[PDB]
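Let me begin by presenting the structure, written as structure tokens, before commenting on it.
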Amino acid sequence: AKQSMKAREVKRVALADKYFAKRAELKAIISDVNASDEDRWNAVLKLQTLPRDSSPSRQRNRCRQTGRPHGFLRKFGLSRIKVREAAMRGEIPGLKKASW
Amino acid sequence: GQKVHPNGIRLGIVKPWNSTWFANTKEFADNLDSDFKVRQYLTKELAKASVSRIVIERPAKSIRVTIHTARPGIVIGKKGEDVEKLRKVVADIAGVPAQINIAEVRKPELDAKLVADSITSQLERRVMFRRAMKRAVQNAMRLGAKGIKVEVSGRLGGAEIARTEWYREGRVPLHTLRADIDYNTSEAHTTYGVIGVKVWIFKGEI
Amino acid sequence: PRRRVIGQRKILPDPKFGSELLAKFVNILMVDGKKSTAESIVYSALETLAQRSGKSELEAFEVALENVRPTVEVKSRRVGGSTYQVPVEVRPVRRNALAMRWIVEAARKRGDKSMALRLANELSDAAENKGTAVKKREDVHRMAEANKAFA
Amino acid sequence: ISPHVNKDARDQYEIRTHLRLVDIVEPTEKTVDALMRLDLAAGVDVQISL
RNA sequence: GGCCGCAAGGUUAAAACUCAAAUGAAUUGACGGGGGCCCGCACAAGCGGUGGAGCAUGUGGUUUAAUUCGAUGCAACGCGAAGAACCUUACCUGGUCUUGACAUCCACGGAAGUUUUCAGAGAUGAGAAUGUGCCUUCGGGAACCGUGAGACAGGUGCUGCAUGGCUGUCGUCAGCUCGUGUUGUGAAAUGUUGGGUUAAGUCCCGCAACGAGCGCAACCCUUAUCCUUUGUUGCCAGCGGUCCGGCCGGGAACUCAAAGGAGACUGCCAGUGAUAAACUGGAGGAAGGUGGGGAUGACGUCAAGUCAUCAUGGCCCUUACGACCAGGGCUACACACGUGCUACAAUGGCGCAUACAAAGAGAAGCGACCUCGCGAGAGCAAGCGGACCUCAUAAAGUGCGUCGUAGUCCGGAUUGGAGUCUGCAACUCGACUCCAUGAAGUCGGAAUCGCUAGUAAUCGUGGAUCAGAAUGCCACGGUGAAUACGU
């Protein structure tokens, strides 16, 4: 990946950490039943003025060593190529080739 | 065709692992990343000390690292002044208490990583590759190995068309899973491109 | 195959009666691994067939088979660039197999309401020497007879 | 296992986790202190419940 | 031109011009509509499909502001993608910056929480609160926010015909080679060929050869039969309580869990064969001759694939081929091809009610009991980092009714109305629910594919990627066939 895409990801994670509690509060108001029906409207109008990059759904998982956006595994934090390289070198405890 | 990795296929039968710790799913990835950074830093720092292996362990809430080398004096330095700096920087990277230990390699001519590094170093100073390969094979067979193989690939001598060459002596049975084979690789950066090197050493059946 | 010898698989007898011929018939009739359905069909057919003739189910079945078994057939040979039909003898296992296959194939082509009814009708007709199965036997024998010069 | 297209040609791996349980019926102060004052290998996870 | 001949022709016999070769005999391969011997779902013997219909998905073409780049006989076409509404994104139109969105250097002053106006946003302006630590011998500036200048940063830009690494294929085929010796002027040969045998250059005997290496086999995983250890969260023959239920006291026998052992080797019998290697049959045994299934890929071939995972020689751009932002496109549609799902029905459709599994996942997670809604769901709320709680109710099957061969009580494309949930946001372009509507299609032309046993065919269940989005991919069990005379 280019050096700009990784910077994009870092920025996204930072903003999403910054604005976590406010969004939870506003969404709780909107979702809860038996509200004033004006507080609901104001909360909807206020939830869309926060930065777009503060939503945790704008994030994409990338390989921690290369930045690849495809072929990602959650247990290891890497893509298939790097997983295989480390596994054959012997750097992932407990992992080995399987047959049955 | 293509060949399987000897070390990888032998893990658990006759070969040990290079890392030893237990973790759950929320620690695994971070542990791997920390190990990667530790190895990177050490390998950049100790490039003139003939390092061959870095083993990492994580007991309780600490990290302890063992370094396999053929020149322990250079690493230890004057009354530990260098090992101390290494320990401090490693503890900073890991984020937990750290410890460092040093182990000695008696015969550097029977170690696969060191042989490949020496061949690459020679290639970068404009030495003849046939000479380098033959010297490696002769040394290894003289100091007691039961067999060795060496392979080199790229633009050899400056040519325009790439090529691959290899030499062998003794026994090197690669389909036998109880055979003890040491295997490693290395790369050279020259004025015409990259050149690749592979080494196999056979020591007996266990 | 080229260098092989294949043994014979064992077959369990029927649960109601005790014949392996009937088990082979059920197998030849089944589809998609549904053996219970085929067993029900066969038993219903044999029941409705024994009343029509006042004899045992196995006896009626054997009488039906003896009118559909073949004796000679023709194989195709081509070594001189032309196809010839060569008459050969059939052996008993293949006789039984061909008769069963032809009976079931003919039954499936009828136009009655249920498969059991179609099967019963076909078996009765075969006992009386009528239907597609007997016609097939006759055609095979005619083709074998027309080519006796090539035996 | 290929950097590009080929869609067969896969590798398959495994990790095995082994587990054990031990029960002590009548503890004492000395026994509990001794247990809490012990260190073991660097690949084993131990959990103690009272 | 001369001589000879009835003629057809015979005999003697040149030059200009043009090329750097033409030729003989032997050697190693490849090939043959040449010969001999042996193998493989290669044919034969069988069972079920694709090619016609509607829908899903990839490609060619055509269109477009753009429809981003790559893969192309077998060995590209549900392929890189294990998951394109914004993001991802590399493409288009418009709005913006120039030492920079991401690093190291010099020197001029200071930092993070809230909150007001203009912008589509990027980004411009007004305010209010704060004074961190820390040898201050005052030089700390570590940590982290601005700005100014220039060494520099940056590039999914080109060449896989400059490369490392990784991978496809002939092929899990049985071959491919060396040292010393001997033969030939030599290129080379022998060994590796021959008589038997094997799944096998597997083994034995002969022989100018004697030996060794890489491959074959074995050592590694899993499945089938026993016994010794330890029995909770898993197990109940015997013993005893009754609220019926492994529920409670108990038991350590059995199922099962996971660590050490035993067992299968042509080992024993009879015949055949060169006083052989081996072959055909028999006993016992859970299992017999490689018991069944995996992993494991020789020297080399196709300038085979990948500079867009990454790394790298040589070119190329630096107020632009480098940054940032909102909308659109990758989802187009006269048409041609590949891979799939659902059907065309009584071995079936619909209603009622009732047996029997295996293997997995789970803290920004799996979400019971109970109440509301026709339903997708909603409210309140236990338990579980798990042989304990949750996902979670197997389906084909079996019993009883009905439909009666009809484009139908078969099939479920397409379209109108009303809703739910994820998410700043479902117009282009999500999945699901209710009411209504009810298309093609009655077994598929010349071609053509898979499978030798717990296999084909048929029925359900789980996971990775993932806020949400499988008819694809990777795993698990239930019922359970037909046929192999032969080359």
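What you see below is based on every heavy atom in this structure, not just the backbone, and it leaves out hydrogens, waters and symmetry mates. Note on naming: letters A, B, ... go to the chains in the order of the sequence lines (proteins, then strands), and numbering restarts at 1 for each one.
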If you look at every strand shown and take non-hydrogen atoms under 4.0 Å, does [X] touch a base, only sugar-phosphate, or nothing?
X: A:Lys2; result: sugar-phosphate
X: B:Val172; result: sugar-phosphate
X: C:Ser36; result: sugar-phosphate

Counting heavy atoms not belonging to B:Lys146, are there more than 12 under 6.0 Å from its NZ? no

Determine whether neighbouring nucleotides E:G83 and E:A84 are base-stacked, defined as six-membered ring centroids separated by less than 5.5 Å with an interplanar angle below 30°. no

Are A:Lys6 and A:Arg62 packed together at the side-chain level, in the sense that at least one heavy-atom pair is separated by less than 4.5 angstrom? no

Quick check for you: among [options], whose closest atom lies nearest to any side-chain atom of [X]?
X: D:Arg16; options: E:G305, E:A76, E:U222; result: E:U222
X: A:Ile81; options: E:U309, E:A71, E:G83; result: E:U309
X: C:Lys75; options: E:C166, E:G164, E:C485; result: E:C485

Is any side-chain nitrogen or oxygen of B:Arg10 closer than 4.0 Å to OP1 or OP2 of E:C219? no

Answer yes or no: does a side-chain N or O of A:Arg23 lie under 4.0 Å from OP1 or OP2 of E:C424? yes

Taking for each residue the nucleotide of RNA chain E bearing the nearest heavy atom, is the 5' side occupied by C:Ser114 or by B:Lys149? B:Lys149

